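The file final-v3.csv comes next; it holds CSV, C-alpha atoms.
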chain,number,residue,atom,x,y,z
A,1,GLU,CA,-72.0,37.2,-12.5
A,2,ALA,CA,-68.9,36.3,-10.5
A,3,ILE,CA,-69.6,32.6,-10.7
A,4,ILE,CA,-68.2,30.5,-13.6
A,5,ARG,CA,-68.9,26.9,-14.6
A,6,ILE,CA,-65.9,25.0,-16.1
A,7,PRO,CA,-66.8,21.4,-16.8
A,8,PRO,CA,-64.2,18.5,-16.5
A,9,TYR,CA,-62.6,19.2,-19.8
A,10,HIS,CA,-63.0,22.9,-20.7
A,11,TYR,CA,-61.0,26.1,-20.3
A,12,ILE,CA,-61.3,30.0,-20.3
A,13,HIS,CA,-59.1,33.1,-20.4
A,14,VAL,CA,-59.4,35.6,-17.6
A,15,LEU,CA,-58.0,39.2,-17.8
A,16,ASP,CA,-57.3,40.3,-14.2
A,17,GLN,CA,-57.7,44.1,-14.5
A,18,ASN,CA,-55.6,44.8,-11.4
A,19,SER,CA,-52.8,42.5,-12.3
A,20,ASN,CA,-53.2,43.6,-15.9
A,21,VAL,CA,-52.0,40.3,-17.4
A,22,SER,CA,-54.0,37.2,-18.2
A,23,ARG,CA,-53.7,33.4,-17.5
A,24,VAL,CA,-55.2,30.1,-18.5
A,25,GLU,CA,-58.1,28.7,-16.4
A,26,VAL,CA,-58.1,24.9,-16.8
A,27,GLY,CA,-60.7,22.8,-14.9
A,28,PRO,CA,-62.1,20.7,-13.4
A,29,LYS,CA,-63.7,23.3,-11.1
A,30,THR,CA,-66.8,25.7,-11.0
A,31,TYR,CA,-64.4,28.6,-10.3
A,32,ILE,CA,-65.5,32.0,-9.0
A,33,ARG,CA,-63.8,35.1,-10.4
A,34,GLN,CA,-62.6,38.0,-8.1
A,35,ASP,CA,-63.8,41.6,-8.4
A,36,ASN,CA,-60.6,42.3,-10.3
A,37,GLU,CA,-60.9,39.3,-12.7
A,38,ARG,CA,-63.1,39.2,-15.8
A,39,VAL,CA,-63.7,36.2,-18.0
A,40,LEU,CA,-63.3,36.8,-21.7
A,41,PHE,CA,-65.2,33.9,-23.2
A,42,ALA,CA,-67.3,30.8,-22.2
A,43,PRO,CA,-65.8,27.3,-21.5
A,44,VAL,CA,-64.4,26.0,-24.8
A,45,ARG,CA,-63.1,22.5,-25.1
A,46,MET,CA,-59.4,21.9,-24.6
A,47,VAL,CA,-57.3,21.4,-27.8
A,48,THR,CA,-57.5,17.7,-28.5
A,49,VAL,CA,-55.3,15.7,-30.9
A,50,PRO,CA,-56.2,12.1,-31.5
A,51,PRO,CA,-53.5,9.3,-32.2
A,52,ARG,CA,-52.0,9.4,-35.8
A,53,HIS,CA,-53.2,13.0,-36.2
A,54,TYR,CA,-51.6,16.5,-35.5
A,55,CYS,CA,-52.1,20.1,-34.8
A,56,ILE,CA,-49.9,23.2,-34.8
A,57,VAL,CA,-50.5,26.5,-32.9
A,58,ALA,CA,-48.5,29.6,-33.5
A,59,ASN,CA,-47.3,32.0,-30.7
A,60,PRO,CA,-46.4,28.9,-28.6
A,61,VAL,CA,-45.7,29.2,-24.8
A,62,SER,CA,-41.9,29.0,-24.6
A,63,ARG,CA,-41.1,26.2,-22.1
A,64,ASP,CA,-37.7,25.6,-20.5
A,65,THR,CA,-35.8,22.3,-20.7
A,66,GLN,CA,-38.2,20.9,-18.1
A,67,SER,CA,-41.3,21.6,-20.3
A,68,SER,CA,-43.1,24.0,-17.9
A,69,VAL,CA,-45.3,27.0,-18.9
A,70,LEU,CA,-43.0,29.8,-17.9
A,71,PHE,CA,-45.4,32.6,-16.8
A,72,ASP,CA,-43.6,35.9,-17.5
A,73,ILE,CA,-42.6,38.2,-14.6
A,74,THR,CA,-45.5,40.5,-15.5
A,75,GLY,CA,-47.8,37.4,-15.1
A,76,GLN,CA,-48.7,36.8,-18.7
A,77,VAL,CA,-47.7,33.5,-20.4
A,78,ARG,CA,-44.3,33.8,-22.1
A,79,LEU,CA,-44.9,33.3,-25.8
A,80,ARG,CA,-42.4,32.9,-28.7
A,81,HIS,CA,-44.8,34.9,-30.9
A,82,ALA,CA,-43.3,34.3,-34.3
A,83,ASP,CA,-42.4,30.6,-33.8
A,84,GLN,CA,-44.8,27.6,-33.9
A,85,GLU,CA,-45.1,24.2,-32.1
A,86,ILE,CA,-45.5,20.7,-33.5
A,87,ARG,CA,-48.2,19.1,-31.4
A,88,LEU,CA,-48.2,15.4,-32.4
A,89,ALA,CA,-50.9,13.5,-30.4
A,90,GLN,CA,-51.5,14.1,-26.7
A,91,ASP,CA,-54.3,14.8,-24.2
A,92,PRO,CA,-56.8,17.7,-24.4
A,93,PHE,CA,-54.6,20.6,-23.4
A,94,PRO,CA,-55.8,24.2,-22.8
A,95,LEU,CA,-54.5,27.1,-24.9
A,96,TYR,CA,-53.0,30.1,-23.2
A,97,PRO,CA,-53.9,33.8,-23.7
A,98,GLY,CA,-52.1,34.6,-26.9
A,99,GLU,CA,-52.1,31.4,-29.0
A,100,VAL,CA,-53.7,31.5,-32.5
A,101,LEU,CA,-54.9,28.0,-33.4
A,102,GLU,CA,-53.7,27.3,-37.0
A,103,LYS,CA,-53.8,23.5,-37.5
A,104,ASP,CA,-56.4,21.5,-35.5
A,105,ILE,CA,-56.9,17.7,-35.6
A,106,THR,CA,-55.8,17.5,-39.2
A,107,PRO,CA,-55.1,14.0,-40.3
A,108,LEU,CA,-51.3,13.1,-40.4
A,109,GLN,CA,-49.6,12.7,-43.8
A,110,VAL,CA,-49.9,9.3,-45.3
A,111,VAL,CA,-47.4,8.6,-48.1
A,112,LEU,CA,-48.2,5.7,-50.3
A,113,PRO,CA,-45.7,3.0,-51.4
A,114,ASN,CA,-45.3,4.4,-54.9
A,115,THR,CA,-45.3,8.1,-54.3
A,116,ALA,CA,-43.4,10.9,-52.5
A,117,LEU,CA,-43.5,14.4,-51.0
A,118,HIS,CA,-41.7,17.4,-52.5
A,119,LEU,CA,-40.2,19.4,-49.6
A,120,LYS,CA,-39.2,23.1,-49.3
A,121,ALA,CA,-37.6,24.5,-46.1
A,122,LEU,CA,-39.3,27.8,-45.2
A,123,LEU,CA,-36.2,28.8,-43.2
A,124,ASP,CA,-32.8,27.4,-42.1
A,125,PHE,CA,-32.9,24.6,-39.5
A,126,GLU,CA,-30.9,21.6,-38.2
A,127,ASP,CA,-32.3,18.4,-39.7
A,128,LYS,CA,-33.2,15.2,-37.8
A,129,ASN,CA,-29.7,13.7,-38.3
A,130,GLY,CA,-27.7,16.9,-38.1
A,131,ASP,CA,-27.9,18.6,-41.5
A,132,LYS,CA,-28.0,22.3,-42.4
A,133,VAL,CA,-31.0,23.0,-44.7
A,134,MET,CA,-31.1,26.3,-46.6
A,135,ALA,CA,-34.3,28.3,-47.2
A,136,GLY,CA,-35.2,26.6,-50.4
A,137,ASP,CA,-33.3,23.3,-50.2
A,138,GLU,CA,-35.4,20.7,-52.2
A,139,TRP,CA,-35.8,17.5,-50.1
A,140,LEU,CA,-37.8,14.5,-51.3
A,141,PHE,CA,-39.6,12.0,-49.0
A,142,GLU,CA,-40.5,8.7,-50.6
A,143,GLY,CA,-42.2,6.1,-48.3
A,144,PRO,CA,-44.4,4.3,-47.6
A,145,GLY,CA,-45.1,5.5,-44.0
A,146,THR,CA,-46.2,8.7,-42.4
A,147,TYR,CA,-44.4,12.1,-42.4
A,148,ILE,CA,-44.6,14.4,-39.4
A,149,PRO,CA,-45.6,18.0,-40.3
A,150,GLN,CA,-42.8,20.4,-39.3
A,151,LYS,CA,-42.6,24.1,-38.9
A,152,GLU,CA,-39.2,24.5,-40.6
A,153,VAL,CA,-40.3,22.4,-43.5
A,154,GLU,CA,-43.1,22.6,-46.1
A,155,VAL,CA,-44.6,20.0,-48.4
A,156,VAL,CA,-44.8,21.4,-51.9
A,157,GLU,CA,-46.6,18.7,-53.9
A,158,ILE,CA,-47.1,14.9,-54.4
A,159,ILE,CA,-44.7,13.1,-56.7
A,160,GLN,CA,-46.2,10.1,-58.7
A,161,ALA,CA,-43.4,7.6,-59.4
A,162,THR,CA,-43.7,6.9,-63.1
A,163,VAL,CA,-43.6,3.1,-63.9
A,164,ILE,CA,-41.2,2.2,-66.6
A,165,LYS,CA,-42.3,-1.2,-68.2
A,166,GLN,CA,-40.0,-3.8,-69.9
A,167,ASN,CA,-38.3,-2.5,-73.0
A,168,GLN,CA,-38.9,1.2,-72.0
A,169,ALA,CA,-37.1,4.3,-70.8
A,170,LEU,CA,-38.2,7.6,-69.2
A,171,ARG,CA,-37.1,10.9,-70.8
A,172,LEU,CA,-36.0,13.2,-68.0
A,173,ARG,CA,-34.9,16.9,-67.9
A,174,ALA,CA,-32.9,18.8,-65.3
A,175,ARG,CA,-33.8,22.3,-63.9
A,176,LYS,CA,-30.4,22.8,-62.2
A,177,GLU,CA,-26.9,21.5,-62.0
A,178,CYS,CA,-28.0,18.2,-60.4
A,179,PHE,CA,-26.9,14.6,-60.4
A,180,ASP,CA,-29.1,11.8,-61.8
A,181,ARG,CA,-29.0,8.1,-61.3
A,182,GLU,CA,-25.5,7.4,-62.6
A,183,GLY,CA,-23.1,10.4,-62.0
A,184,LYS,CA,-23.4,12.4,-65.2
A,185,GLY,CA,-23.2,16.2,-64.8
A,186,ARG,CA,-26.8,17.0,-65.6
A,187,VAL,CA,-26.8,20.7,-66.6
A,188,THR,CA,-30.0,22.8,-66.8
A,189,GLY,CA,-32.2,21.9,-69.7
A,190,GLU,CA,-30.3,18.7,-70.5
A,191,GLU,CA,-32.2,15.4,-71.2
A,192,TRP,CA,-31.5,11.7,-70.5
A,193,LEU,CA,-33.1,8.3,-70.1
A,194,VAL,CA,-33.8,5.8,-67.3
A,195,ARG,CA,-32.3,2.4,-67.8
A,196,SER,CA,-33.7,-0.1,-65.2
A,197,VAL,CA,-37.2,-1.5,-65.3
A,198,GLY,CA,-38.8,-0.4,-62.0
A,199,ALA,CA,-41.1,2.2,-60.6
B,1,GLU,CA,-86.6,16.5,-7.7
B,2,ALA,CA,-83.8,15.1,-5.5
B,3,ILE,CA,-85.0,11.5,-5.9
B,4,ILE,CA,-83.7,9.4,-8.8
B,5,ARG,CA,-84.8,5.9,-10.0
B,6,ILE,CA,-82.1,3.7,-11.4
B,7,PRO,CA,-83.5,0.2,-12.3
B,8,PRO,CA,-81.3,-3.0,-11.9
B,9,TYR,CA,-79.4,-2.4,-15.2
B,10,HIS,CA,-79.2,1.3,-16.0
B,11,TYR,CA,-76.8,4.2,-15.3
B,12,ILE,CA,-76.6,8.0,-15.2
B,13,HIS,CA,-74.0,10.8,-15.0
B,14,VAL,CA,-74.0,13.3,-12.1
B,15,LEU,CA,-72.1,16.6,-12.0
B,16,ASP,CA,-71.5,17.5,-8.4
B,17,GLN,CA,-71.3,21.3,-8.6
B,18,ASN,CA,-69.4,21.6,-5.3
B,19,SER,CA,-66.8,18.9,-6.2
B,20,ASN,CA,-66.9,20.3,-9.8
B,21,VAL,CA,-66.0,16.8,-11.3
B,22,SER,CA,-68.4,14.0,-12.3
B,23,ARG,CA,-68.7,10.3,-11.8
B,24,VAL,CA,-70.6,7.2,-13.0
B,25,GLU,CA,-73.8,6.2,-11.1
B,26,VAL,CA,-74.4,2.4,-11.6
B,27,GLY,CA,-77.3,0.7,-10.0
B,28,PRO,CA,-79.1,-1.3,-8.6
B,29,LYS,CA,-80.5,1.5,-6.4
B,30,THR,CA,-83.1,4.3,-6.3
B,31,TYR,CA,-80.4,6.8,-5.4
B,32,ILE,CA,-81.1,10.3,-4.0
B,33,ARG,CA,-78.9,13.2,-5.2
B,34,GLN,CA,-77.5,15.7,-2.7
B,35,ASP,CA,-78.1,19.5,-2.9
B,36,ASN,CA,-74.7,19.8,-4.7
B,37,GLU,CA,-75.3,17.0,-7.1
B,38,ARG,CA,-77.3,17.3,-10.3
B,39,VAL,CA,-78.2,14.4,-12.7
B,40,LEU,CA,-77.4,15.1,-16.4
B,41,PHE,CA,-79.7,12.6,-18.1
B,42,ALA,CA,-82.2,9.8,-17.4
B,43,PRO,CA,-81.3,6.1,-16.7
B,44,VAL,CA,-80.0,4.8,-20.0
B,45,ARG,CA,-79.1,1.1,-20.4
B,46,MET,CA,-75.6,0.0,-19.7
B,47,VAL,CA,-73.4,-0.7,-22.7
B,48,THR,CA,-74.1,-4.4,-23.6
B,49,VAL,CA,-72.0,-6.5,-25.9
B,50,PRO,CA,-73.4,-10.0,-26.8
B,51,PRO,CA,-71.1,-13.1,-27.4
B,52,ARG,CA,-69.3,-13.1,-30.9
B,53,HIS,CA,-70.1,-9.4,-31.2
B,54,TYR,CA,-68.0,-6.2,-30.3
B,55,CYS,CA,-68.0,-2.5,-29.4
B,56,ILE,CA,-65.4,0.2,-29.2
B,57,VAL,CA,-65.6,3.4,-27.2
B,58,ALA,CA,-63.1,6.3,-27.6
B,59,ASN,CA,-61.8,8.3,-24.6
B,60,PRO,CA,-61.5,5.1,-22.6
B,61,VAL,CA,-61.0,5.2,-18.8
B,62,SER,CA,-57.3,4.4,-18.4
B,63,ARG,CA,-57.1,1.5,-15.9
B,64,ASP,CA,-53.9,0.3,-14.2
B,65,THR,CA,-52.5,-3.2,-14.4
B,66,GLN,CA,-55.2,-4.4,-12.0
B,67,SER,CA,-58.0,-3.1,-14.3
B,68,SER,CA,-59.6,-0.6,-12.0
B,69,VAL,CA,-61.3,2.7,-13.0
B,70,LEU,CA,-58.7,5.2,-11.7
B,71,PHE,CA,-60.7,8.2,-10.6
B,72,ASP,CA,-58.5,11.2,-11.1
B,73,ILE,CA,-57.2,13.3,-8.1
B,74,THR,CA,-59.8,16.0,-9.0
B,75,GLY,CA,-62.5,13.3,-8.8
B,76,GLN,CA,-63.2,13.0,-12.6
B,77,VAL,CA,-62.6,9.6,-14.3
B,78,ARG,CA,-59.1,9.4,-15.8
B,79,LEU,CA,-59.6,9.1,-19.6
B,80,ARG,CA,-57.0,8.5,-22.3
B,81,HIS,CA,-58.9,10.9,-24.6
B,82,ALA,CA,-57.3,10.1,-27.9
B,83,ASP,CA,-57.0,6.3,-27.5
B,84,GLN,CA,-59.7,3.7,-27.8
B,85,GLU,CA,-60.7,0.4,-26.2
B,86,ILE,CA,-61.4,-3.0,-27.8
B,87,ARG,CA,-64.5,-4.3,-26.0
B,88,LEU,CA,-65.0,-7.9,-27.1
B,89,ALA,CA,-68.0,-9.4,-25.3
B,90,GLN,CA,-68.8,-8.8,-21.6
B,91,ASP,CA,-71.6,-7.9,-19.2
B,92,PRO,CA,-73.7,-4.6,-19.5
B,93,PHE,CA,-71.1,-2.1,-18.3
B,94,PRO,CA,-71.8,1.6,-17.6
B,95,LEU,CA,-70.0,4.4,-19.5
B,96,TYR,CA,-68.2,7.1,-17.5
B,97,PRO,CA,-68.5,10.8,-17.9
B,98,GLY,CA,-66.4,11.5,-21.1
B,99,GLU,CA,-66.7,8.4,-23.2
B,100,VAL,CA,-68.1,8.8,-26.8
B,101,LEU,CA,-69.7,5.6,-27.9
B,102,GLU,CA,-68.4,4.9,-31.4
B,103,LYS,CA,-69.0,1.2,-32.1
B,104,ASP,CA,-72.0,-0.5,-30.4
B,105,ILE,CA,-73.1,-4.2,-30.6
B,106,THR,CA,-71.8,-4.4,-34.2
B,107,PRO,CA,-71.5,-8.1,-35.4
B,108,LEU,CA,-67.9,-9.4,-35.3
B,109,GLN,CA,-66.1,-9.9,-38.6
B,110,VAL,CA,-66.8,-13.3,-40.3
B,111,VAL,CA,-64.1,-14.2,-42.9
B,112,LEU,CA,-65.3,-16.9,-45.3
B,113,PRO,CA,-63.1,-19.9,-46.4
B,114,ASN,CA,-62.3,-18.5,-49.8
B,115,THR,CA,-61.8,-14.8,-49.1
B,116,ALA,CA,-59.6,-12.4,-47.0
B,117,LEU,CA,-59.3,-9.0,-45.4
B,118,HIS,CA,-57.0,-6.2,-46.6
B,119,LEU,CA,-55.4,-4.6,-43.6
B,120,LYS,CA,-54.0,-1.1,-43.1
B,121,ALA,CA,-52.4,0.0,-39.8
B,122,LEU,CA,-53.6,3.5,-38.8
B,123,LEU,CA,-50.5,3.9,-36.6
B,124,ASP,CA,-47.5,2.0,-35.4
B,125,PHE,CA,-48.1,-0.8,-32.9
B,126,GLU,CA,-46.6,-4.1,-31.7
B,127,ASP,CA,-48.4,-7.0,-33.3
B,128,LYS,CA,-49.9,-10.1,-31.6
B,129,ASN,CA,-46.6,-12.1,-31.9
B,130,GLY,CA,-44.1,-9.2,-31.5
B,131,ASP,CA,-43.9,-7.4,-34.9
B,132,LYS,CA,-43.4,-3.7,-35.6
B,133,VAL,CA,-46.1,-2.5,-38.0
B,134,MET,CA,-45.7,0.8,-39.8
B,135,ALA,CA,-48.4,3.4,-40.5
B,136,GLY,CA,-49.4,1.9,-43.9
B,137,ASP,CA,-48.1,-1.7,-43.7
B,138,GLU,CA,-50.3,-3.9,-45.8
B,139,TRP,CA,-51.4,-7.0,-43.9
B,140,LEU,CA,-53.7,-9.7,-45.3
B,141,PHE,CA,-56.0,-11.9,-43.3
B,142,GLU,CA,-57.2,-15.1,-45.0
B,143,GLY,CA,-59.4,-17.4,-43.0
B,144,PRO,CA,-61.9,-18.9,-42.4
B,145,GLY,CA,-62.6,-17.7,-38.9
B,146,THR,CA,-63.4,-14.4,-37.2
B,147,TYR,CA,-61.1,-11.4,-37.0
B,148,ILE,CA,-61.1,-9.2,-33.8
B,149,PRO,CA,-61.6,-5.5,-34.7
B,150,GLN,CA,-58.5,-3.5,-33.5
B,151,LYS,CA,-57.8,0.2,-32.9
B,152,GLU,CA,-54.3,0.1,-34.3
B,153,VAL,CA,-55.5,-1.8,-37.4
B,154,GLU,CA,-58.1,-1.0,-40.1
B,155,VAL,CA,-59.8,-3.4,-42.6
B,156,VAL,CA,-59.5,-1.8,-46.1
B,157,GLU,CA,-61.5,-4.2,-48.3
B,158,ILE,CA,-62.6,-7.8,-48.9
B,159,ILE,CA,-60.3,-9.9,-51.2
B,160,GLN,CA,-62.1,-12.5,-53.4
B,161,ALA,CA,-59.7,-15.4,-54.1
B,162,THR,CA,-59.8,-16.0,-57.8
B,163,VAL,CA,-60.3,-19.7,-58.7
B,164,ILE,CA,-57.8,-20.9,-61.3
B,165,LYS,CA,-59.3,-24.0,-63.1
B,166,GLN,CA,-57.3,-26.8,-64.7
B,167,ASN,CA,-55.2,-25.7,-67.7
B,168,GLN,CA,-55.4,-22.0,-66.7
B,169,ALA,CA,-53.3,-19.3,-65.2
B,170,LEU,CA,-53.9,-15.9,-63.5
B,171,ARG,CA,-52.2,-12.8,-65.0
B,172,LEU,CA,-51.0,-10.7,-62.0
B,173,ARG,CA,-49.4,-7.2,-61.7
B,174,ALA,CA,-47.3,-5.7,-58.9
B,175,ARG,CA,-47.8,-2.2,-57.4
B,176,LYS,CA,-44.5,-2.2,-55.5
B,177,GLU,CA,-41.2,-4.0,-55.1
B,178,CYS,CA,-42.9,-7.1,-53.7
B,179,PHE,CA,-42.3,-10.9,-53.8
B,180,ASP,CA,-44.8,-13.2,-55.4
B,181,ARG,CA,-45.2,-17.0,-55.1
B,182,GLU,CA,-41.8,-18.1,-56.3
B,183,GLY,CA,-39.1,-15.6,-55.4
B,184,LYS,CA,-38.9,-13.4,-58.5
B,185,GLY,CA,-38.1,-9.7,-58.0
B,186,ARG,CA,-41.6,-8.4,-58.9
B,187,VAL,CA,-41.0,-4.7,-59.8
B,188,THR,CA,-43.8,-2.1,-60.1
B,189,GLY,CA,-46.0,-2.6,-63.1
B,190,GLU,CA,-44.5,-6.0,-63.9
B,191,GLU,CA,-46.8,-9.0,-64.8
B,192,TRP,CA,-46.6,-12.7,-64.3
B,193,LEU,CA,-48.7,-15.9,-64.1
B,194,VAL,CA,-50.0,-18.3,-61.4
B,195,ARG,CA,-49.0,-22.0,-62.0
B,196,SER,CA,-50.8,-24.3,-59.6
B,197,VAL,CA,-54.5,-25.2,-60.0
B,198,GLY,CA,-56.1,-24.0,-56.7
B,199,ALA,CA,-58.1,-21.0,-55.3
Could you spell out this file's structure in C-alpha cells?
Amino acid sequence: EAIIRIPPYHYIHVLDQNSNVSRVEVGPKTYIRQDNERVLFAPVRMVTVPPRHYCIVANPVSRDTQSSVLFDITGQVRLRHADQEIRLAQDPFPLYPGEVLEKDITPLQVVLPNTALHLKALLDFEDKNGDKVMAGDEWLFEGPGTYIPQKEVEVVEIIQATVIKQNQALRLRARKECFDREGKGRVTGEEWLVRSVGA
Amino acid sequence: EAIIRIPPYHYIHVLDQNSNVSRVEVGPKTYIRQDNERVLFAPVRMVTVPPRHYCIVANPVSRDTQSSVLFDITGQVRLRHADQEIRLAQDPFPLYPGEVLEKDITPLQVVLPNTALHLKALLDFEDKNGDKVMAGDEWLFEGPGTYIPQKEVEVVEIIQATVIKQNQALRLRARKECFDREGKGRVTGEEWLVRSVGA
C-alpha cells in the first residue's frame, strides 16, 4: 500500500528510488508515500534514553555547531561513519538511515565509595580539562559518583581498594617506571609497602 | 460502532487518524467518535490515589508553571518521556496517551520510631532545603513519620537501631572515610565503640 501509519512516537526509513537517497520519517502523522518512495520497515519506537542511563550509536549524523542534522547534498543524512556519539539522557529521538545502534538504555556506571575504574584510551583525545591522552594511557577513576561512558575512553576493570588495618602494610609491585605514594623511583618488578592505615 | 459510553469516572484514548495524534477523553459523557476518530480501549477507571498513599507514572505530561496539560503543536500530549511524576494523593485523574503506570495506590512509607531508611540518589538533584546530592550520596532518614517517595531518591534498606543497654557498648566499623559520633577520623575498616546508653 501507499498509506503508512506512524503513531505519536515511532519512526521509519524511506528509500526514495527517484531521489536515490533516504531520510528519517518522524511522526506524529499517518503519512502517505509517493510512487517513488518505498518504506523499508514498520514503525519502530524512537531511541529512548531514561535519566541516569545512556546509549551510544555509531555512524552518528554529523551536526554543525548549531546541532542540526545536516542532510547531505545528495539528500542522504551526513554521517561520520567511523565515529560515535555519547547520548546521555534525552527524549525519544529517531535514528537516521545509516546508524547502527550499539549501546541502548544501558544503566550508567555507578562507582562505589571504596572502588575505582581502570581506564584505557582507545585513541588520542583532549581530556575534560585539556590533557593529551595517548592510545594506552592508564587513567584511574575513584569515586564515589557516576562516570559518563565515553567513545575515546574504555573501562578495563574494577579496582577493589584493599583495606590496610592497624599495624599492617600492603606489599605492592610496579609494572612500569611509575611513582608510588612517596616519590621513590619504582622500577619494573620492584616491591614496597604502604604506611598509613586507610583504605 | 461510532457511539461510546464513558461513565462519570472513566477515560479512554482516541487516535484521530486524520489528525494523526491522540488525546485524553475524560467524562462524564456518552461521547460519539467521528469518522476519523477510533477508540483504542474501553472505559478504564481514572488513576485514583487515596489519602496517605501514592503513585508515580513515568513519561509524565510536562506542564508549565500554571500546571496545564500542554498539548503539543502536533496535537499529542507533551510528555517528558524519561522523567517521572510524584503523585501524592489527589482525585481520580485520567492518564494521557503515552504514560506508563509504574506505581499505583501503593501505601506510603511508614518509618517506625526506632528505625530508619537507607537512601541512595539515582541521579543528581537539588534537595528539599537546597543541597546538591551526588549519584550515590548515602542519606539516612530516621523518623518516626512518613517519607514521601521521590524520583531522584531511592530507599535501599531498613536500618534497625541497635539498643545498647546499661554497661554495654556497640562495636562499629567504617566502610569509608566517614565521621562517627565524636569527631574521630574513622578510616575504612577501622573499629570503635558507642558510649551512651540509648537506642
### Query
Would you list which chain A residues are within 7 Å of chain B using only C-alpha atoms, as a ChimeraX atom specification?
/A:8,28-30,49-52,91,113-114,144-146,163,165,198-199
#### Entry: atom CA of residue B:69 to atom CA of residue B:1, straight-line distance in Å
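Going from atom CA of residue B:1 over to atom CA of residue B:69, I get 29.3 Å.
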### Task
Kindly give the distance, in Å, that separates atom CA of residue B:63 and atom CA of residue B:10, rounded to a single decimal.
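So the two atoms, atom CA of residue B:63 and atom CA of residue B:10, lie 22.1 Å apart.
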### Query
Distance atom CA of residue A:71-atom CA of residue A:99, one decimal place?
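Pair atom CA of residue A:71 / atom CA of residue A:99 returns 14.0 Å.
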### Task
May I have the protein, DNA and RNA residues with an atom at most 10 Å from (-68.0, 4.3, -15.4), counting only C-alpha atoms in the file's coordinates, returned as an MDAnalysis selection string?
chainID B and resid 11:13 23:26 46 60:61 69 71 77 93:99
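Using only C-alpha atoms, the smallest distance between any of A:166, A:27, A:78, A:178 and residue A:195 comes from A:166.
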### Query
Could you name the residues that touch residue A:156 at 7 Å or less, counting only C-alpha atoms, but leaving out those on the same chain fewer than 2 positions away, as an MDAnalysis selection string?
chainID A and resid 118:120 154
### Task
Tell me which of A:131, A:148, A:7, A:194 sits closest to residue A:42, counting all atoms listed in the file.
A:7
